[PDB]
Structure formats: structure tokens, C-alpha cells
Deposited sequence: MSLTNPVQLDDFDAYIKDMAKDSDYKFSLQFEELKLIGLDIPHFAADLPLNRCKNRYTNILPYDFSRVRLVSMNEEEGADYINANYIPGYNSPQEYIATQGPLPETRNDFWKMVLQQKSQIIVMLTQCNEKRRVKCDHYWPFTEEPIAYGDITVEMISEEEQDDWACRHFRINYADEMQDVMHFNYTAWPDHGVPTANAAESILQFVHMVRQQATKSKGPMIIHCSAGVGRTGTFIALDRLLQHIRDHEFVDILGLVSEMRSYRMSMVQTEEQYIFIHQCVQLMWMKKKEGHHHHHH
């Protein structure tokens, strides 16, 4: 429905055209993306008892792709499985946990067997000290912590009954809140993405990604992660088709035209890196 594959050889001319007439086509395409999933049911998220489990009143997970926890509304959590470059349920896009949902969040991590969590914002649902904390029936203890300039990695040990699970936690902290992303901002985020991807290819369940609403930065991170891998193996990119797809699994993925344009900004840099690399295929 919404898809526009562009040969990498034509991306430069493509983005320039997208930008003409005051970003007319960027805006038009974004206006079209806003129509995706309008008719997909999201009744569970609107049930009386689950309303308090949503950070934002109008950002609700579709019923078909929602992650279900295993009482009235006890299976609910604002999160959706999202397709990736490698599997149909490679990711779980979710909102930043609320104090009232942090126990449900850890239950999701355990049940879904997620060994990688990506936080795109700076709510502190994890332990502050080395002391193991019990979030409901699940005990979580931070094993180690590494801190870089733009991100931090934490290793968590989660247990329940006889079950034990190791979970890596990547928190990007240099995400720009205001102004247009500088060439450095783009570079940093692309490095972070690449970094998480190296760990991904070595993990169990779906990769959990979140930002306050779980759609903007989250959908942007997912798009970039999938794009880097795609651009490495292919000679074309279909950004429109990609964001449209995410919109069909979780509403508002890539929340703003700003983020939509930014994604194109990053792909141009990816294309520049691919060309300058001249790497043969493995």
C-alpha cells in the first residue's frame, strides 16, 4: 500500500526531491503514514482497568500484536511485537514503565525471555544499588554497570522460582530533545545502534525497546537497526514501506515528521559509509 523503494544509487537525488517545496513530499508521505492502522482494533488497551496502565491516553497497542502477560486485565501491558530484519517478532516496542506497571514490565522480560533491553530516554524501574530488588514475584539484581559518553550498559540477573535469566540493558542518553540532529548526533546514534546489533545476534527472546511513549524514538531506533542491516546486504531502501509496516504493528511508530526526515538523514550517511567502505560480501 505505502511503499517506495529507492536504489541507493538514486538516494541522493531522491532526498533532495523529498526536501523541495519546503519538504512537501516528506510531509505528504508522513500524512499518508498517519492513516495506517486507523481501523485496527485496540479494545484491550481501552478497557477501564487498563487505562491507568497507559502513559498517554491516545497511544494504545493494537489487540493483535499486543504482548500478553501470563484477574481482569491481568494480561495487559502497553507493548507490541514488531517485525525486524531477521524475524517476525524480533522486537517488542513498549512505553517506559510507569511506577504502577514496573512489575508487569519485568514479568514481560522474563516470560518473553528478552535478554536485551534498549532504553532511549533518561521510571527508574531497575535497581539503584547492588541490592537485589523484588518486583512482585520476580527478583532483579544489577550485576555490573558500564558507562560511556553517550550510553550505559547494565547486566541484570533476573530470577523467579527456579528460573534465572541474564539481561543486558542499553540506555542511550545523548538523544537530542531540541533542535535538528547534528551530523554528530546521527553518528552517535548510528554507533549505538551498531553496538546493540552486535549483542543482538547473541540473544534469546525479542529485543525490548522503549522510550516514554514507545513509538517515536523507539520506532526510530527499530527503523535504523533494520536499515543498517538491509543497506549492508541490498542495493535499495524502502523507508516508506518500513515505517508503514511498523505502523501496522504499533501506532505512531516514528512519531514525528522530524524523526521521519531524520531517518532519511541517517540512511544517507549509511549510504556514504557503504560507498566509502567498498566492502565485498561475506
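- Sequence ranges absent from the coordinates, based on the deposited chain and numbered from 1: Residues missing from the model, as numbered along the full deposited sequence, span 1, 72-75, 128-136, 297.
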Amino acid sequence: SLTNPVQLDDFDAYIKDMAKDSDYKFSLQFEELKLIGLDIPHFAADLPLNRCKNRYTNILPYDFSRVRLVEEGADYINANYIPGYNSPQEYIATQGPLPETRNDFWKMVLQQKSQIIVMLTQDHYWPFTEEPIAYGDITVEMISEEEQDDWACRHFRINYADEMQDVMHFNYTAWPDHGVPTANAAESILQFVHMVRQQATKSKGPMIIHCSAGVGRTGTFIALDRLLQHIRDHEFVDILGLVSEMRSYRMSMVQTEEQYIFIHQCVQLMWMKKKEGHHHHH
From here on, numbers count along this sequence of modelled residues.
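- Message: Quick check on the record: does 123-131 or 77-85 carry the larger mean Cα temperature factor?
- Response: The deposited B-factors put 123-131 ahead on the C-alpha mean.
- Message: On mean Cα temperature factor in this entry, is 249-257 or 43-51 the higher one?
- Response: If you average the C-alpha B-factors of 249-257 and of 43-51, the larger mean comes out for 43-51.
- Query: For the listed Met108, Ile158, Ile92, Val196, which has the peak Cα B-factor recorded in the PDB entry?
  - Reply: Top of the list by C-alpha B-factor: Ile158.
- B-factor third for the C-alpha atom of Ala186 within its chain: Highest third.
- If you rank every modelled residue in this chain by C-alpha B factor, which third holds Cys211: lowest, middle or highest? It belongs to the middle third of the chain when residues are ordered by C-alpha B-factor.
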